[PDB]
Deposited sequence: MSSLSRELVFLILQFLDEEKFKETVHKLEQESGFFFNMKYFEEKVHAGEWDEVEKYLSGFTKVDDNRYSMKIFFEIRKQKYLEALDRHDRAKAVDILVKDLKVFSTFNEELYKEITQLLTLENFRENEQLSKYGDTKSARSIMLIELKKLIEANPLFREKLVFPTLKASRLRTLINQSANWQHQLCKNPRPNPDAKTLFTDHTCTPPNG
């Protein structure tokens, strides 16, 4: 219902005021009603890729449309690059097969080119990546793209803005029920 939906938001407001950080974002994710930009942003910077994909998965799947396909590919690209940078070529190959391979069907050559970064001494030998700066510069610069990709995604375009309402509305409405457990 539309009733149920707007109750979610009230509850959300409450949790945030009770400093229940985790519970807030599990709700956002499971309800799919509000995508917390500033939360997403923070998680990207931290390199929490398992959580990042998990939170996204509450709002869209990898193959839903063209926007979210690139959003995912982009994350699983950076994940693979950092793996490469810390020279953990084991985790890279794992990433390559489990995470990046689903995008090969669409782009067979691109996948081969991503696979060949494994043999380079430093993947910045590849000219298209010679500008990749470090972990921190690269995540933020990727984050910028992601904000755009999300805000242009139709599945998100109605969910990014938290409807503004009075401080502690849920406590006040509960108070109206007490004026009117049990």
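Engineer: Can you list the gaps, numbered from 1 on the deposited sequence, where no C-alpha is modelled?
Structural biologist: Several stretches lack coordinates - namely 1, 182 to 199, 202 to 209, in sequence order.
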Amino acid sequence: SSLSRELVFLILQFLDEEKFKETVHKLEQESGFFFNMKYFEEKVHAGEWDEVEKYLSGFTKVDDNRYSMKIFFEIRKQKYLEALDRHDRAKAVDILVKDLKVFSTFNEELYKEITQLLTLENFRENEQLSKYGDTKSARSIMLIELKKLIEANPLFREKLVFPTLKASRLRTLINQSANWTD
From here on, numbers count along this sequence of modelled residues.
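Engineer: Pick between 117 to 125 and 59 to 67: the one whose mean CA B-factor in the entry is higher.
Structural biologist: Of 59 to 67 and 117 to 125, the stretch with the higher C-alpha B-factor average is 59 to 67.
Engineer: Comparing 24 to 32 with 133 to 141, which stretch shows the greater average C-alpha B-factor in the deposited entry?
Structural biologist: Stretch with the greater average CA B-factor: 24 to 32.
Engineer: Out of 54, 147, 157, 45, which shows the largest CA B-factor listed in the entry?
Structural biologist: Spelled out: the listed residue with the top C-alpha B-factor is 157.
Engineer: Using only modelled residues of the chain, where does the Cα B factor of residue 106 rank: lowest third, middle third or highest third?
Structural biologist: According to the entry, residue 106 has a C-alpha B-factor in the chain's highest third.
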